[PDB]
Amino acid sequence: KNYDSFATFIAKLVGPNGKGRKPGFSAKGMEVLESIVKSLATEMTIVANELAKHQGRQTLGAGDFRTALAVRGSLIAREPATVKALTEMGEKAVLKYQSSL
Amino acid sequence: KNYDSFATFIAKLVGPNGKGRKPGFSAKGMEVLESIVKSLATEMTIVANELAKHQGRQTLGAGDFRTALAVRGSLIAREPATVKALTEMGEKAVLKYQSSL
Amino acid sequence: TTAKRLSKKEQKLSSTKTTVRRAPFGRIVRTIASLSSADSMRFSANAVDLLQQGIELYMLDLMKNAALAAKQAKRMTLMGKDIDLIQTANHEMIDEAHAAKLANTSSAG
Amino acid sequence: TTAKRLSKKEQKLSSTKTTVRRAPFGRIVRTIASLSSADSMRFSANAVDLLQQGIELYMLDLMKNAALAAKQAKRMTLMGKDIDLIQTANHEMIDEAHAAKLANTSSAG
Amino acid sequence: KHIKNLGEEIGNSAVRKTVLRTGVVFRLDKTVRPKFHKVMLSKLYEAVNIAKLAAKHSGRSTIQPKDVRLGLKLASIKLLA
Amino acid sequence: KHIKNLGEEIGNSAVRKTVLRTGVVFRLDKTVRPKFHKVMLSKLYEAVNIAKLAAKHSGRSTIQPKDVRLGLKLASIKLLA
Amino acid sequence: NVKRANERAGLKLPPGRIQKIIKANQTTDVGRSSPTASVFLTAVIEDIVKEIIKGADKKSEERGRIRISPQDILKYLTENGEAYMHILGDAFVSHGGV
Amino acid sequence: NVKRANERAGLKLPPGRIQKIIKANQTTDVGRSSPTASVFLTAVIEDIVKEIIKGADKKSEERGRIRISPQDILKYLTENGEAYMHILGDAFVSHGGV
DNA sequence: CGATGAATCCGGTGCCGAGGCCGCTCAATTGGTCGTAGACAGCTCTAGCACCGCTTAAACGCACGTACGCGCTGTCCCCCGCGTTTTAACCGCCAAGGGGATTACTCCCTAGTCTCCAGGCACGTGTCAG
DNA sequence: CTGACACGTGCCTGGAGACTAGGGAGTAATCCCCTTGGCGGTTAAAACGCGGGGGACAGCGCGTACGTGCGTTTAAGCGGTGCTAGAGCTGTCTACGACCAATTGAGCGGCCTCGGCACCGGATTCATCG
């Protein structure tokens, strides 16, 4: 039986580098870099699910999560670019996925 | 057609005329006396479900609520003086309805 | 001994009347609701009372803590720098810039 | 300035070392786990190391805040009555009789 | 009428009243007022925009008690209990 | 006598190192040490007994990393992120 | 019939209504939720609310009147009977004194 | 086979792994969970992780060495780039000093 | 040696909320299976506990001297107090229309089962990075 | 330095087409509750100028109470060894939650009354600066 984690996929991000090299990592930071993803996922999913129950719906997609991201940006009073770029990227990714239908 | 509120039952538990004074109730007393029950039944069940999920089960057979009440009575530094009495009362009630079958 | 009597009256007799009147509170709430949007949002008749009962009771605790700190610092009056200590020790830092646009630029209702 | 020189290396030691040694943590943890019951709880080999990295950092933060509060009062040193102010400013309710009974009377071993 | 800018809608006497409601300190200096105004408005802006977004997410236009209750709960301020 | 009385195993050196770990205050009076120990022990008890209860509720008689990782979250102290 | 399930378990509030809010937070993966969970919780909550009401009634008559109001719950009793207050430590209740 | 999920939305992390986490916490009033939420969440998380790694790596070299360490995560990109820091809440990273 | 503004208490008033009715229409029992979940006896191999000997870092207690907390006093300036003037809640009343709330319906996009093969997980290995 | 991570390999089961039922979300229709808004007449509260006083900041004196250097323990700590409690996976029988008829009274929604609390008017403790 196998275990499911992001240990390899975290090492699979952008490391090919010609102008800066340095595609390095270590096993000490693996634990924190893989706990970050889980923390963000749980934190935003909780708020998206709670926000869903207001409408009386029972479906989550491309909606409640986007409003959850907006709420977690407003609650932080972050710079507008931080949330704006992230949501624009998310819309681009969802459009790329749904292009092929 | 039908609703979810405890006004009739909340205005019923205490036996009136203990010395000759039936318990009166204002309009704003009901709001707080229902919000207390709502908050208690929400937080206690959340902490009783996040522990049954931790064990890896599917049923909450009141054995997953005893160790949630104990956790909530220990987290608040509340001495077991008034937690053991509540636990005994709840256990006595459970048997009452169970034995009647 | 005038402030002592004023506080004695305020603590007990005025347990219902809020510090800031209803109409200015409604005006500021309506003004702030239309900030960062493009539509007149309207409101209800019972949400404003809940908003008041929340915000004022939130500020009272903070002021009590700040006054306790100021008294603990062997002083008798209260200064603004007392509030900053509680704000830092309780986290949730405010973007200094926003509060300014809120108190200064914002001008309507 | 020996205190300043030692504080210079304290962070570098903090990057890899711990304030209280490992065995005086394994005991303490075992002794407290053995209370409120009559069984040997039989700890693991990683729970202790997980507990340390949380508790030590939490109290580093607490004492940092307390020292910041002490500096504000134009007082160079640090006193105990500065901790209580921070603790009550964070609404962290505590029990004093139980804490005194815990600290004063035990055997560890 | 001459001055209508925000903040002063929270009256100068409001700060005195809320600091006098607690029987610890009976005086305050000149700089207490702006800090109070900034803190109160900084909290209220978030606490109202959260409710506005939650309302608009479910259709509708008018805010309602449920939306402000949810906004207060999410703003780390816990109401009647 | 000695009897390794509890709380002293967090010696004065640990408190001094914790205070001097930050770089804002380099002195400490005699009231700090008796307060640090009682501040620590209550939190340690409230974060250890929760994990012990969670470990006992699932059968078993030994505490694992997941139990203490749950207890730390429940004790209103967040972990690595 | 045992429609008097309140009489069956010796309770006053209806266990079904408490189960309705119990089931609202089950985070999936659990489901099931045997009916013995509602009786225990209902008994505990009933004891808590009964004690609070009895104390507030006993202490309201000192000011007079025959009513229970948020002022007579927030102050007076909860700051006196803090045992049931700490369990819900975030009071911030209503139009009441302190 | 479309199982080449990396080139589906140009992302790297596998949407499925995030989706199981999404389905772990969902009160028993929702279910459903259309498959287009996982893509959104995974894209957001992927951008956050890529940005933090790219930021921290350059500075983790000036101090020396060619690896990434918990102290080399807590320093700089969390202290300098607080935009990707305040979103999570507290830091409490590791044995990373101050 | 009296005695201001008031320390609180008595005597009513009438104006709208809380308590007693009053039928009714779904929500809580009641019987009837049944197919998955929780229980539980057995086992096999893993890591937690307990002890020995040596070495060296680290906590520890004492003498001594200086840095710093605390009480005193002159000050002067900035906050409160009080009368007065300006504003603006606010309550009663009458429109006016936006948008909450219910129904019909119909078509899309999740749920679930059947079949496959290549991406991800668990071992050798060495060469540099703490 | 020495051991740990990036490179290389072998395998298997979980992510994928894929096809279908079946219900929930989008959307036009309809009316009536409820938000906003303008008028005004008393009338309370916030804003404002002025004067006297007490409270924050600042030097000096004092003395006791931390910080530091040094000799002296003392348990942290390594590596080894052995012993066994209990985590962990498997195979079998069954109790008890789930979904579906059928029945029936208890509490939700309106009405009707009568006192509870907001209110004012009047009689006075403590006190007090002459």
# chains A, B, ... in the order shown; residues from 1 in each chain; ligands from 1
>>> calpha_fit_and_write(fixed="chain B", moving="chain A", output="short mmCIF file (atom, residue, chain, number, x, y, z; two decimals) with N, CA, C and O atoms, in the first residue's frame")
data_model
loop_
_atom_site.label_atom_id
_atom_site.label_comp_id
_atom_site.auth_asym_id
_atom_site.auth_seq_id
_atom_site.Cartn_x
_atom_site.Cartn_y
_atom_site.Cartn_z
N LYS A 1 -46.35 26.96 5.93
CA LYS A 1 -45.09 26.37 6.41
C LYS A 1 -44.67 26.95 7.76
O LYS A 1 -44.79 28.15 8.00
N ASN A 2 -44.18 26.08 8.64
CA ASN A 2 -43.86 26.45 10.01
C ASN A 2 -42.37 26.69 10.18
O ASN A 2 -41.56 26.35 9.32
N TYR A 3 -42.01 27.30 11.31
CA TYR A 3 -40.63 27.51 11.70
C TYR A 3 -40.35 26.73 12.98
O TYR A 3 -41.18 26.68 13.88
N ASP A 4 -39.16 26.13 13.04
CA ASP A 4 -38.78 25.26 14.15
C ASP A 4 -37.78 25.99 15.04
O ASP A 4 -36.71 26.39 14.57
N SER A 5 -38.14 26.16 16.31
CA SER A 5 -37.29 26.86 17.27
C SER A 5 -37.65 26.39 18.67
O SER A 5 -38.58 25.61 18.86
N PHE A 6 -36.88 26.88 19.64
CA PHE A 6 -37.07 26.53 21.04
C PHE A 6 -37.76 27.63 21.83
O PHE A 6 -37.62 27.68 23.06
N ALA A 7 -38.50 28.51 21.16
CA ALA A 7 -39.09 29.65 21.84
C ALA A 7 -40.07 29.22 22.93
O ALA A 7 -40.04 29.74 24.05
N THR A 8 -40.95 28.26 22.62
CA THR A 8 -41.88 27.78 23.64
C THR A 8 -41.18 26.87 24.64
O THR A 8 -41.41 26.98 25.85
N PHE A 9 -40.31 25.97 24.16
CA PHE A 9 -39.69 25.00 25.05
C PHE A 9 -38.82 25.67 26.10
O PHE A 9 -38.72 25.17 27.22
N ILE A 10 -38.20 26.80 25.76
CA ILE A 10 -37.44 27.55 26.76
C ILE A 10 -38.37 28.07 27.85
O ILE A 10 -38.01 28.07 29.03
N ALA A 11 -39.57 28.50 27.48
CA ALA A 11 -40.55 28.88 28.49
C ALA A 11 -41.14 27.67 29.20
O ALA A 11 -41.82 27.84 30.22
N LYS A 12 -40.91 26.46 28.70
CA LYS A 12 -41.46 25.25 29.30
C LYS A 12 -40.59 24.65 30.41
O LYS A 12 -41.00 23.65 31.02
N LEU A 13 -39.41 25.20 30.69
CA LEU A 13 -38.60 24.67 31.77
C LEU A 13 -39.24 24.97 33.13
O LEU A 13 -40.35 25.50 33.22
N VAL A 14 -38.51 24.62 34.19
CA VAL A 14 -39.08 24.59 35.53
C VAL A 14 -39.47 25.99 35.96
O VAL A 14 -38.62 26.83 36.27
N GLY A 15 -40.78 26.25 35.97
CA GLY A 15 -41.34 27.50 36.42
C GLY A 15 -42.31 27.36 37.58
O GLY A 15 -42.43 28.27 38.41
N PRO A 16 -43.06 26.22 37.66
CA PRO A 16 -43.84 25.96 38.87
C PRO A 16 -43.02 26.09 40.14
O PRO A 16 -42.08 25.32 40.36
N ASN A 17 -43.36 27.06 40.97
CA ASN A 17 -42.56 27.40 42.14
C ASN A 17 -43.50 27.82 43.26
O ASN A 17 -44.28 28.76 43.10
N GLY A 18 -43.42 27.11 44.39
CA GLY A 18 -44.23 27.45 45.54
C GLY A 18 -43.45 28.20 46.60
O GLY A 18 -44.01 29.06 47.29
N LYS A 19 -42.17 27.88 46.75
CA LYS A 19 -41.34 28.52 47.77
C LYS A 19 -40.61 29.75 47.25
O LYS A 19 -40.02 30.48 48.05
N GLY A 20 -40.64 30.00 45.94
CA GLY A 20 -39.98 31.17 45.39
C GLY A 20 -40.79 31.91 44.35
O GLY A 20 -40.39 33.00 43.91
N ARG A 21 -41.94 31.35 43.96
CA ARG A 21 -42.75 31.85 42.86
C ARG A 21 -41.89 32.22 41.65
O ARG A 21 -40.96 31.49 41.29
N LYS A 22 -42.20 33.36 41.04
CA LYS A 22 -41.42 33.92 39.95
C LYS A 22 -41.23 32.97 38.76
O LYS A 22 -40.10 32.59 38.43
N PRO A 23 -42.32 32.54 38.10
CA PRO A 23 -42.20 31.85 36.81
C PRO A 23 -42.27 32.83 35.64
O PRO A 23 -43.05 32.66 34.69
N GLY A 24 -41.44 33.87 35.69
CA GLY A 24 -41.51 34.95 34.73
C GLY A 24 -40.46 34.84 33.63
O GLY A 24 -39.53 34.04 33.69
N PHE A 25 -40.65 35.67 32.60
CA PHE A 25 -39.71 35.74 31.49
C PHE A 25 -40.04 36.99 30.69
O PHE A 25 -40.94 37.76 31.04
N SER A 26 -39.30 37.20 29.61
CA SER A 26 -39.56 38.32 28.71
C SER A 26 -39.08 37.98 27.31
O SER A 26 -38.31 37.04 27.11
N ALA A 27 -39.55 38.77 26.34
CA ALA A 27 -39.21 38.51 24.95
C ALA A 27 -37.86 39.08 24.57
O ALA A 27 -37.33 38.76 23.51
N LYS A 28 -37.29 39.95 25.42
CA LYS A 28 -35.96 40.48 25.12
C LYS A 28 -34.89 39.42 25.30
O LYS A 28 -33.97 39.32 24.47
N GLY A 29 -34.98 38.62 26.36
CA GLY A 29 -34.04 37.56 26.64
C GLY A 29 -34.28 36.26 25.91
O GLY A 29 -33.44 35.35 25.98
N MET A 30 -35.42 36.12 25.22
CA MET A 30 -35.67 34.92 24.43
C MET A 30 -34.57 34.70 23.40
O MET A 30 -34.09 33.57 23.23
N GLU A 31 -34.16 35.76 22.71
CA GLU A 31 -33.20 35.62 21.63
C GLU A 31 -31.86 35.10 22.15
O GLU A 31 -31.29 34.16 21.58
N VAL A 32 -31.36 35.68 23.24
CA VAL A 32 -30.08 35.22 23.78
C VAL A 32 -30.21 33.82 24.37
O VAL A 32 -29.32 32.97 24.19
N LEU A 33 -31.33 33.54 25.04
CA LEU A 33 -31.46 32.22 25.71
C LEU A 33 -31.62 31.12 24.65
O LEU A 33 -31.27 29.97 24.96
N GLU A 34 -32.13 31.45 23.45
CA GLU A 34 -32.24 30.46 22.39
C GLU A 34 -31.02 30.42 21.48
O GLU A 34 -30.83 29.42 20.78
N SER A 35 -30.19 31.47 21.47
CA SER A 35 -28.90 31.39 20.80
C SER A 35 -27.86 30.63 21.61
O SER A 35 -26.94 30.03 21.03
N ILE A 36 -27.99 30.63 22.94
CA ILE A 36 -27.07 29.88 23.79
C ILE A 36 -27.11 28.40 23.44
O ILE A 36 -26.06 27.74 23.31
N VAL A 37 -28.31 27.84 23.29
CA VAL A 37 -28.46 26.41 23.01
C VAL A 37 -27.80 26.05 21.68
O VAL A 37 -27.06 25.07 21.58
N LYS A 38 -28.08 26.85 20.65
CA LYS A 38 -27.49 26.59 19.34
C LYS A 38 -25.97 26.68 19.39
O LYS A 38 -25.27 25.85 18.78
N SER A 39 -25.44 27.68 20.10
CA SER A 39 -23.99 27.82 20.20
C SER A 39 -23.36 26.60 20.85
O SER A 39 -22.38 26.05 20.34
N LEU A 40 -23.91 26.16 21.99
CA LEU A 40 -23.35 24.99 22.65
C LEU A 40 -23.44 23.75 21.77
O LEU A 40 -22.48 22.97 21.68
N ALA A 41 -24.59 23.55 21.11
CA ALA A 41 -24.77 22.36 20.29
C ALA A 41 -23.74 22.32 19.16
O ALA A 41 -23.07 21.30 18.97
N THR A 42 -23.60 23.42 18.43
CA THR A 42 -22.63 23.44 17.33
C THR A 42 -21.20 23.26 17.86
O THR A 42 -20.42 22.48 17.29
N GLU A 43 -20.86 23.95 18.95
CA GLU A 43 -19.50 23.89 19.46
C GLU A 43 -19.11 22.48 19.87
O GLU A 43 -18.01 22.01 19.53
N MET A 44 -19.99 21.77 20.58
CA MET A 44 -19.62 20.43 21.00
C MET A 44 -19.73 19.41 19.87
O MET A 44 -18.95 18.45 19.83
N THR A 45 -20.67 19.61 18.94
CA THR A 45 -20.79 18.68 17.82
C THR A 45 -19.57 18.73 16.92
O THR A 45 -19.13 17.69 16.40
N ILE A 46 -18.99 19.92 16.71
CA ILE A 46 -17.80 20.02 15.87
C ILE A 46 -16.67 19.18 16.45
O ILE A 46 -16.02 18.40 15.74
N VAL A 47 -16.44 19.30 17.76
CA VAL A 47 -15.33 18.59 18.38
C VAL A 47 -15.61 17.09 18.41
O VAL A 47 -14.70 16.27 18.20
N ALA A 48 -16.86 16.70 18.66
CA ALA A 48 -17.19 15.27 18.64
C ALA A 48 -16.96 14.67 17.26
O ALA A 48 -16.40 13.57 17.14
N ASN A 49 -17.39 15.37 16.21
CA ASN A 49 -17.18 14.87 14.86
C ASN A 49 -15.69 14.78 14.53
O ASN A 49 -15.25 13.79 13.93
N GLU A 50 -14.91 15.79 14.90
CA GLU A 50 -13.47 15.74 14.64
C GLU A 50 -12.83 14.57 15.37
O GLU A 50 -12.06 13.80 14.78
N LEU A 51 -13.18 14.38 16.65
CA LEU A 51 -12.65 13.27 17.42
C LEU A 51 -13.05 11.92 16.85
O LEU A 51 -12.31 10.95 17.01
N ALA A 52 -14.21 11.83 16.21
CA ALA A 52 -14.63 10.57 15.60
C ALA A 52 -13.70 10.14 14.47
O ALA A 52 -13.41 8.95 14.34
N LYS A 53 -13.24 11.08 13.64
CA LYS A 53 -12.42 10.73 12.49
C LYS A 53 -11.09 10.11 12.88
O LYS A 53 -10.46 9.45 12.05
N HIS A 54 -10.63 10.31 14.12
CA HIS A 54 -9.39 9.69 14.56
C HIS A 54 -9.50 8.18 14.57
O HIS A 54 -8.62 7.47 14.07
N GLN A 55 -10.59 7.65 15.12
CA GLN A 55 -10.77 6.21 15.24
C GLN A 55 -11.01 5.53 13.90
O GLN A 55 -10.92 4.30 13.83
N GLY A 56 -11.30 6.29 12.85
CA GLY A 56 -11.71 5.71 11.59
C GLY A 56 -13.16 5.31 11.53
O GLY A 56 -13.61 4.80 10.50
N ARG A 57 -13.91 5.53 12.61
CA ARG A 57 -15.32 5.21 12.65
C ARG A 57 -16.12 6.23 11.85
O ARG A 57 -15.59 7.21 11.32
N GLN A 58 -17.43 5.99 11.76
CA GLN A 58 -18.34 6.97 11.18
C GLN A 58 -19.65 7.04 11.96
O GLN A 58 -20.70 7.34 11.38
N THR A 59 -19.62 6.79 13.26
CA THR A 59 -20.81 6.78 14.10
C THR A 59 -20.58 7.66 15.33
O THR A 59 -19.50 7.63 15.92
N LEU A 60 -21.59 8.44 15.70
CA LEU A 60 -21.55 9.28 16.89
C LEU A 60 -22.69 8.88 17.82
O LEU A 60 -23.85 8.96 17.43
N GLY A 61 -22.35 8.45 19.03
CA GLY A 61 -23.36 8.34 20.07
C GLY A 61 -22.83 8.01 21.44
O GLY A 61 -22.10 7.03 21.61
N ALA A 62 -23.19 8.83 22.44
CA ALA A 62 -22.90 8.57 23.85
C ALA A 62 -21.41 8.46 24.13
O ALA A 62 -20.99 8.25 25.27
N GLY A 63 -20.60 8.60 23.08
CA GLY A 63 -19.16 8.44 23.14
C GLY A 63 -18.46 9.74 22.86
O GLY A 63 -18.20 10.54 23.77
N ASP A 64 -18.12 9.93 21.59
CA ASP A 64 -17.47 11.13 21.07
C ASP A 64 -18.03 12.40 21.70
O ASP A 64 -17.27 13.31 22.01
N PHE A 65 -19.34 12.47 21.91
CA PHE A 65 -19.90 13.65 22.57
C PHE A 65 -19.45 13.75 24.02
O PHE A 65 -19.14 14.84 24.50
N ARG A 66 -19.41 12.62 24.73
CA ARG A 66 -18.95 12.65 26.12
C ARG A 66 -17.49 13.07 26.20
O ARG A 66 -17.12 13.89 27.05
N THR A 67 -16.66 12.53 25.32
CA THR A 67 -15.26 12.94 25.30
C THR A 67 -15.12 14.40 24.87
O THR A 67 -14.21 15.09 25.35
N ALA A 68 -16.00 14.88 24.00
CA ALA A 68 -15.99 16.29 23.62
C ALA A 68 -16.31 17.18 24.82
O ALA A 68 -15.70 18.23 25.00
N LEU A 69 -17.28 16.77 25.63
CA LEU A 69 -17.60 17.51 26.84
C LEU A 69 -16.41 17.51 27.80
O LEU A 69 -16.08 18.54 28.40
N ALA A 70 -15.75 16.36 27.95
CA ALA A 70 -14.57 16.30 28.81
C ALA A 70 -13.46 17.21 28.29
O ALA A 70 -12.77 17.86 29.08
N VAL A 71 -13.29 17.27 26.97
CA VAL A 71 -12.24 18.11 26.39
C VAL A 71 -12.57 19.59 26.58
O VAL A 71 -11.69 20.40 26.90
N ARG A 72 -13.84 19.97 26.39
CA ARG A 72 -14.24 21.35 26.60
C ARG A 72 -14.26 21.74 28.07
O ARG A 72 -14.30 22.93 28.39
N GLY A 73 -14.26 20.76 28.97
CA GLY A 73 -14.05 21.05 30.38
C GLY A 73 -12.58 21.23 30.72
O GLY A 73 -12.21 22.18 31.41
N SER A 74 -11.74 20.33 30.21
CA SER A 74 -10.30 20.42 30.46
C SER A 74 -9.72 21.70 29.87
O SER A 74 -8.88 22.35 30.50
N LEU A 75 -10.14 22.07 28.66
CA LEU A 75 -9.63 23.28 28.02
C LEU A 75 -10.00 24.52 28.81
O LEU A 75 -9.26 25.51 28.80
N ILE A 76 -11.11 24.48 29.54
CA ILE A 76 -11.54 25.62 30.32
C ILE A 76 -10.89 25.66 31.70
O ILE A 76 -10.75 26.74 32.28
N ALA A 77 -10.43 24.51 32.21
CA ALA A 77 -9.96 24.37 33.59
C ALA A 77 -11.06 24.72 34.58
O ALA A 77 -10.81 25.32 35.63
N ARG A 78 -12.28 24.33 34.24
CA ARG A 78 -13.43 24.53 35.11
C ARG A 78 -13.29 23.74 36.40
O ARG A 78 -12.42 22.87 36.55
N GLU A 79 -14.17 24.04 37.35
CA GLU A 79 -14.23 23.26 38.58
C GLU A 79 -14.70 21.84 38.28
O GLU A 79 -15.54 21.63 37.39
N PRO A 80 -14.18 20.84 38.99
CA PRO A 80 -14.54 19.45 38.67
C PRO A 80 -16.02 19.17 38.75
O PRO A 80 -16.54 18.36 37.98
N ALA A 81 -16.74 19.84 39.67
CA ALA A 81 -18.17 19.62 39.80
C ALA A 81 -18.94 19.99 38.54
O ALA A 81 -19.88 19.27 38.18
N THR A 82 -18.54 21.06 37.85
CA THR A 82 -19.29 21.53 36.69
C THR A 82 -19.39 20.44 35.62
O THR A 82 -20.47 20.20 35.07
N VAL A 83 -18.28 19.77 35.32
CA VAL A 83 -18.31 18.73 34.30
C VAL A 83 -18.79 17.41 34.88
O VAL A 83 -19.48 16.64 34.20
N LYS A 84 -18.44 17.13 36.14
CA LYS A 84 -18.82 15.85 36.74
C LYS A 84 -20.34 15.71 36.84
O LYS A 84 -20.90 14.68 36.45
N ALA A 85 -21.01 16.73 37.36
CA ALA A 85 -22.46 16.67 37.49
C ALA A 85 -23.13 16.58 36.12
O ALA A 85 -24.09 15.83 35.94
N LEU A 86 -22.63 17.34 35.15
CA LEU A 86 -23.22 17.32 33.82
C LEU A 86 -23.11 15.94 33.18
O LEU A 86 -24.08 15.43 32.62
N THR A 87 -21.93 15.32 33.27
CA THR A 87 -21.77 14.01 32.65
C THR A 87 -22.56 12.93 33.41
O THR A 87 -23.11 12.02 32.78
N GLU A 88 -22.65 13.03 34.74
CA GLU A 88 -23.47 12.09 35.48
C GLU A 88 -24.94 12.22 35.10
O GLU A 88 -25.64 11.21 34.94
N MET A 89 -25.41 13.45 34.93
CA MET A 89 -26.78 13.68 34.49
C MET A 89 -27.01 13.11 33.09
O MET A 89 -28.06 12.52 32.82
N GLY A 90 -26.05 13.29 32.19
CA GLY A 90 -26.19 12.73 30.85
C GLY A 90 -26.27 11.22 30.87
O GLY A 90 -27.09 10.62 30.15
N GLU A 91 -25.43 10.58 31.68
CA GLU A 91 -25.50 9.12 31.82
C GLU A 91 -26.85 8.69 32.39
O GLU A 91 -27.43 7.70 31.93
N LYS A 92 -27.36 9.42 33.38
CA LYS A 92 -28.67 9.09 33.93
C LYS A 92 -29.77 9.21 32.87
O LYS A 92 -30.64 8.34 32.78
N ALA A 93 -29.72 10.27 32.06
CA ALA A 93 -30.73 10.44 31.02
C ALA A 93 -30.66 9.33 29.98
O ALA A 93 -31.69 8.80 29.55
N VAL A 94 -29.45 8.95 29.57
CA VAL A 94 -29.32 7.91 28.56
C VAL A 94 -29.77 6.56 29.11
O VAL A 94 -30.39 5.76 28.41
N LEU A 95 -29.50 6.31 30.40
CA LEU A 95 -29.98 5.07 31.02
C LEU A 95 -31.50 5.06 31.09
O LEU A 95 -32.14 4.03 30.83
N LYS A 96 -32.11 6.20 31.44
CA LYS A 96 -33.56 6.27 31.49
C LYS A 96 -34.17 6.02 30.12
O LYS A 96 -35.18 5.30 30.00
N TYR A 97 -33.58 6.59 29.07
CA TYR A 97 -34.10 6.37 27.73
C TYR A 97 -33.95 4.91 27.31
O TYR A 97 -34.87 4.33 26.72
N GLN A 98 -32.80 4.30 27.59
CA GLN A 98 -32.53 2.95 27.12
C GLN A 98 -33.11 1.87 28.02
O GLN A 98 -32.99 0.69 27.70
N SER A 99 -33.72 2.25 29.15
CA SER A 99 -34.38 1.25 29.99
C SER A 99 -35.49 0.54 29.24
O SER A 99 -35.62 -0.69 29.32
N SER A 100 -36.31 1.28 28.49
CA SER A 100 -37.42 0.69 27.76
C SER A 100 -36.98 -0.01 26.48
O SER A 100 -37.81 -0.68 25.85
N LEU A 101 -35.72 0.14 26.07
CA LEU A 101 -35.19 -0.48 24.86
C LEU A 101 -35.97 -0.04 23.62
O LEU A 101 -36.59 1.02 23.60
#
>>> select_by_dssp(residues="segment 18-94 of chain G", states="helix (DSSP H, G or I)", output="MDAnalysis selection string")
chainID G and resid 18:22 36:60 70:78 83:86
>>> closest_atom_pairs(of="chain I", to="chain E", cutoff="12 Å", atoms="only C-alpha atoms (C1' of nucleotides)", output="JSON lines")
{"residue": "I:78", "atom": "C1'", "partner": "E:29", "partner_atom": "CA", "distance": 8.5}
{"residue": "I:79", "atom": "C1'", "partner": "E:29", "partner_atom": "CA", "distance": 7.0}
{"residue": "I:80", "atom": "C1'", "partner": "E:27", "partner_atom": "CA", "distance": 8.6}
{"residue": "I:86", "atom": "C1'", "partner": "E:1", "partner_atom": "CA", "distance": 10.9}
{"residue": "I:87", "atom": "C1'", "partner": "E:1", "partner_atom": "CA", "distance": 8.4}
{"residue": "I:88", "atom": "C1'", "partner": "E:1", "partner_atom": "CA", "distance": 9.5}
{"residue": "I:98", "atom": "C1'", "partner": "E:61", "partner_atom": "CA", "distance": 10.0}
{"residue": "I:99", "atom": "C1'", "partner": "E:61", "partner_atom": "CA", "distance": 7.9}
{"residue": "I:100", "atom": "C1'", "partner": "E:60", "partner_atom": "CA", "distance": 8.1}
{"residue": "I:101", "atom": "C1'", "partner": "E:60", "partner_atom": "CA", "distance": 11.4}
>>> residues_around(residues="segment 62-79 of chain C", least_positions_apart="5", cutoff="9 Å", atoms="only C-alpha atoms (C1' of nucleotides)", output="PyMOL selection string")
(chain C and resi 84-87) or (chain D and resi 72-73+81-82+85+88-89) or (chain E and resi 18-19+21-32) or (chain J and resi 55-56)
>>> closest_atom_pairs(of="chain G", to="chain D", cutoff="12 Å", atoms="only C-alpha atoms", output="JSON lines")
{"residue": "G:86", "atom": "CA", "partner": "D:93", "partner_atom": "CA", "distance": 9.0}
{"residue": "G:87", "atom": "CA", "partner": "D:93", "partner_atom": "CA", "distance": 11.6}
{"residue": "G:89", "atom": "CA", "partner": "D:93", "partner_atom": "CA", "distance": 9.3}
{"residue": "G:90", "atom": "CA", "partner": "D:91", "partner_atom": "CA", "distance": 9.9}
>>> calpha_fit_rmsd(fixed="chain D", moving="chain C")
0.9 Å
